[PDB]
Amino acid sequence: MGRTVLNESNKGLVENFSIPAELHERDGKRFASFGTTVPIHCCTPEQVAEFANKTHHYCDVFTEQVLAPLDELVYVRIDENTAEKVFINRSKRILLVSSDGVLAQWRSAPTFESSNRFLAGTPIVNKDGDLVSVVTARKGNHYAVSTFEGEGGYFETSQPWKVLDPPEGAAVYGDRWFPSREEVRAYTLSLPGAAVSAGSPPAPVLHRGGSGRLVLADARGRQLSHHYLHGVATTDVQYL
């Protein structure tokens, strides 16, 4: 079955629309590809290392080619012969993160709402069938469309992400969090000057919550960058 969706019966605006795709199963993971194009989180460390150098940089997407711009509506592949028509929502955003050993990418991505359960890697195309993005992560019924558009960036480091959930109202610093802001400064006094080298590269950190945060820290927990996220969902983001 060349079906890129888990549920047996289709849901939503379905239309006849052939979009090629390839299916893979490794251990218990099942994912889809679009030629060379795969989600970064669906690759073995061997696959990640070989693709890091030959790829364009989209969050959690490996691809040897530039993706088409987004516009107002896209089609998501259901079968070899059918696809789902969905509006792109630039007001409901999801935060993506990824690492390929070279760049720790992040993106405040737009979404579309489907009640289907698409495989990671499912192709997303425009009216002309040009690949605009690939299914990566989902929060509820909202799937993240990783693209150039929207707020985004990347950290130059080999280190993977640290994904943390600080308690509500805590004063975040580095990979740590503290109950009071004064204690933050106390901990600030005890640390040395920030140190980065080839030996000890920086550490990317994502703090999920109501006050979401993107932080870059050195090996010792000293902060290099701190970024207050707004308008983006961070909690319960599932990588399919």
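Note that residue numbering follows the sequence shown and begins at 1.
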item: Average Cα temperature factor in the PDB entry - higher stretch of 200-208, 22-30; value: 22-30
item: Mean Cα B-factor comparison, 127-135 or 89-97, giving the higher one as deposited; value: 127-135
item: Selection from 39, 69, 192, 174 [criterion: highest C-alpha temperature factor in the record]; value: 192
item: Chain thirds of CA B-factor: placement of residue 57; value: middle
item: Chain-relative CA temperature factor third for residue 12; value: middle
item: Where the record places residue 220 (Cα B-factor, split into thirds across the chain); value: highest
item: Cα B factor band for residue 158 (lowest, middle or highest third within the chain); value: lowest
item: Third of chain Cα B-factors occupied by residue 1; value: highest
